[PDB]
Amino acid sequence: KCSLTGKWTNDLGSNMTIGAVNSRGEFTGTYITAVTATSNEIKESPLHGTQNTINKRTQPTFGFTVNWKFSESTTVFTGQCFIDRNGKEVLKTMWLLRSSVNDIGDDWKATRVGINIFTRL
């Protein structure tokens, strides 16, 4: 089975570590991003999420939220934990990066989208 537990790196140079996944699918971790949309100094940030455990898939879906500690933003990631053709694990994910806006009239411009592919560190 593909398991989220462990250390990962992505295509932008960010790393994350995820701890034990419990019987309800819950996990916590830490994220160190290589990139930011702000001109703020990056700091390591917690993440929390779940793996879907329905039918106990060898390649489960999952999602997590990175609670950025150096900005007012939040990012969520979701994807699937695959075994690729080489037998290596790969997380294929898409994310939404939510920026803080001061006024609800600017809400429309607050959400960026993209992908990340993670492999084991």
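A residue's number is simply how far along the shown sequence it sits, counting from 1.
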Original post:
Which one of 30, 38, 78, 74 shows the top CA temperature factor in the record?
Top reply: 38
Original post:
Among the chain's modelled residues, which third holds the C-alpha B-factor of residue 82?
Top reply: highest
Subject >> residue 103 CA temperature factor, ranked by third within the chain >> reply: highest
Original post:
Hey, what third does residue 64 fall into on Cα B-factor, ranked over its chain?
Top reply: middle
Original post:
In terms of the CA temperature factor given in the entry, to which third of its chain does residue 25 belong: lowest, middle or highest?
Top reply: lowest
**OP:** Just say lowest, middle or highest third for the CA B-factor of residue 58 relative to the other modelled residues in its chain.
**Re:** highest
